[PDB]
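Single chain ahead, by itself, as structure tokens, in the form deposited in one PDB entry.
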């Protein structure tokens, strides 16, 4: 049996552990944190994520989708909250088969850990990777106290997240060609209780947005009707706009309350613990990191956030990481050798990771925001009705299909240009030649 060591019992690492172990690989998975399945007297994490077709299909192949979906809340569409305007649901898809799912992060991780162990993987917690000696095929791990443990390895999978220690170790033997693009927004997680969401009639089966241009809030529902709210706001005010809101200006919880009361007046009343959440929850960092190299020969490979940190504005990081896990297990299982598998995995996935990194950055303006937009949207709707196998909105290709991300981006660009051009020099739809637009659709977009 082929042997593998995986660092990081997160989402990608645990899924690839199950896929490899059920294929008979001898799998050892090392995780820095304690086992979340061991109940303690500490409060659980209320962090949630959007699960879409890419992630769901990966779980489906693993035999875990039904268990995960049992505690997921359907989000049928986007509920936009702008003061004055009553909220009205904007469906994401054609019917309830085209929805996204809000799931608790910790619950997803527990289901994945049980799945990896059921398939035969051995999981070792409270062990953080510190260093790798590639030439001697050994690695060093340690607990929080620095007590060290050395292990021999044969194949190393870095599934250890955006600040990957495997990635840092690879940088000692290969030039990874790393390009970091910092994101100016930080984020803060806040809570809406079940009592508060019910009192204010907040729709449970939707993804909620409070757009505000350079900043915004989103809220994803939980099974118990609580919601996890995330504020996206610049860490610092840029030199050009010193008066612009930023985390730097919010010196404490009371300042955060005044800011919410002024900028998000319909949201502030639902945030009962705003002051405490603001002071006790750390402000998170966002970034895009692009690597030219994801592997060291046949010895080590990165996947998920370890390989391609992205901004979260499309809710695709976990979805992409699970898709990566399926691809890596498929390549490893059937390749001539590990070196061939890692090179083929990297060549296949890199263009797709670049595409979702670009589309995630673009989705910020789509969420945080015109008569031109409405006309383009209406025209796009007619084209989708006339040609459902050719004109598929980019959001649907990314979220409800398994089309390679690079193809979703390429077709999305064709559609965006087609609409932009067709609406240019037009006041309304009545002056637009729909057949000429449809001719462009049949000419430029092959049926899927």
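Note that the rigid core is defined as the largest set of C-alphas that superpose within 1.5 Å between two forms. Residue numbers count along the first chain shown, from 1.
**Q** Between residue 369 and residue 370, determine how many residues of the deposited chain lack coordinates; answer none if the chain runs continuously, otherwise 1 to 3, 4 to 9, or 10 or more.
**A** According to the record, 1 to 3 deposited residues lack coordinates from residue 369 to residue 370.
**Q** Do the CA atoms of 66-74 or those of 413-421 have the higher mean B-factor in the entry?
**A** The stretch with the larger average C-alpha B-factor is 413-421.
**Q** Looking only at CA atoms, which has the higher mean B factor in the entry: 207-215 or 169-177?
**A** Higher mean C-alpha B-factor: 169-177.
**Q** Among 54, 60, 33, 43, where is the Cα B factor highest in this entry?
**A** Most elevated C-alpha B-factor of the set, per the entry: 43.
**Q** Identify, among 232, 373, 294, 125, the residue whose C-alpha carries the highest B-factor in the deposited PDB entry.
**A** Result of the comparison over 232, 373, 294, 125: 373.
**Q** Compare the C-alpha B factor of residue 385 with those of the other modelled residues in its chain, then answer lowest, middle or highest third.
**A** Highest third - that is where residue 385 ends up once the chain's C-alpha B-factors are sorted.
**Q** Split the chain's modelled residues into thirds by Cα B-factor; is residue 439 in the lowest, middle or highest one?
**A** For residue 439, the deposited C-alpha B-factor lands in the highest third.
**Q** Can you work out whether the C-alpha temperature factor of residue 92 puts it in the lowest, middle or highest third of the chain?
**A** It falls in the top third of the chain.
**Q** When the deposited Cα B-factors of this chain's modelled residues are ordered and cut into thirds, is residue 159 in the lowest, the middle or the highest one?
**A** Lowest third of the chain for residue 159's C-alpha B-factor.
**Q** Divide the modelled residues of the chain into thirds by Cα B-factor and specify which third, lowest, middle or highest, holds residue 408.
**A** CA B-factor rank for residue 408: middle third.
One more form of this protein exists, namely the form deposited in another entry; it is left out here, but the text below deals with it.
**Q** For the list 375, 291, 111, 155, which one shows a CA move of 2 Å or more between the shown form and the other one after the core is fit?
**A** That would be 375.
**Q** If I superpose the two forms on their rigid core, does the C-alpha of residue 67 end up displaced by 2 Å or more between the shown form and the other one?
**A** For residue 67, whose C-alpha is compared between the shown form and the other one after core superposition, the shift is less than 2 Å.
**Q** Comparing between the shown form and the other one on the rigid core, is the C-alpha shift at residue 417 2 Å or larger?
**A** True for residue 417: a C-alpha shift of 2 Å or more.
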